[PDB]
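Just one chain is shown here, as structure tokens, and it is the form deposited in one PDB entry.
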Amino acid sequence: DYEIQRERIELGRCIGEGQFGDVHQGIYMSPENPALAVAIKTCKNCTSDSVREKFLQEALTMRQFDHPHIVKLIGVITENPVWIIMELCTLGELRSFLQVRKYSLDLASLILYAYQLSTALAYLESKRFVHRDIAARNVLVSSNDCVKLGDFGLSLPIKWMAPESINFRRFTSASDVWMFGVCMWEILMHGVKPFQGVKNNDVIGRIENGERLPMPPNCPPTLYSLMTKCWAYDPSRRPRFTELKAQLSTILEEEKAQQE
């Protein structure tokens, strides 16, 4: 149902480098309809079945999900060169998009990106799916008003991880919230990395002493308080995505009214 014939795909520009291979933009075309822009994840060592299985695992996972703010799987070509065909988010990785548009993107748009990701994550939470790596690097940009979660198949990211994940390797719905807190901070920091210039081991000890990422310049205090809740040391004290979504919706409306 998801297998694609590769003569229906034409590779275009290399739009990024992935863990397994280059990612290319391109087009999927079937006789009647668009003109579907697509991303094509390639896998250079795919002939090794060990890497192929780990490569296609992303597509298998993405397949379970159907949400406006989660990257859609379009198909796979499972003959090597093994390719994963997915929805093209033309504007690319969120981080870079934020760094480049540092002084052209309103606060309203930043919170909207936070909000849109809280809807994707509420949805994943509803399916009891634990993502494990919520980070700006894992968000793709569809339009200036649309952001999408993209990272399945995964990986060390100590500065994004909940204490219990670093320490005990425990990955839960509550740890995803911790990471979403950090992702929100990254967005408000215009794609700046957390704890930059601090050793991973120093972050660990700081966190345990009550220390947290500072309030971003121009961050609403209401939004920083929300981030602070995501970073409760005790995972059980962390909010869930239903509450984060509702509160981001409310923070968003008030920023829109803050200039009218």
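All residue numbers are counted from 1 along the displayed sequence. Rigid core: the largest C-alpha set superposing within 1.5 Å between the two forms.
In none of the other PDB entries of this protein that model the residues around it does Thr119 lack coordinates, well short of a third. For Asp202, the record comparison shows coordinates present in all the other entries of this protein that model its neighbours, with no third of them leaving it out.
Unmodelled residues of the deposited sequence between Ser155 and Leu156: 10 or more.
The question of which stretch, 185-193 or 73-81, has the higher mean Cα B factor is settled in favour of 73-81. Higher average CA B factor: 134-142, of the stretches 134-142 and 174-182. For the set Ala232, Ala35, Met62, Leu213, the maximum C-alpha B-factor listed in the entry falls on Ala35.
Looking at the C-alpha B-factors along this chain, the one for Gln247 belongs to the lowest third. Sort the chain's modelled residues by C-alpha temperature factor and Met86 lands in the middle third, per the entry.
In this PDB entry, the Cα temperature factor of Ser109 sits in the middle third of its chain's modelled residues. Among the modelled residues of the chain, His67 sits in the lowest third by CA temperature factor in this PDB entry. In the deposited entry, the Cα temperature factor of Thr228 sits in the bottom third of values across the chain's modelled residues.
What comes next is about the form deposited in another entry, which does not appear here.
Residue showing a CA shift of 2 Å or more between the shown form and the other one (rigid core superposed; candidates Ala135, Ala174, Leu98, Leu124): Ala135.
A displacement of 2 angstroms or greater separates the C-alpha positions of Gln19 between the shown form and the other one, with the rigid core held in common. Note: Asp176-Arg137 Cα separation is 3 Å or more shorter in the other entry than here. A shift of at least 3 angstroms brings the Cα atoms of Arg137 and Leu124 nearer to each other in the other entry than in the displayed structure.
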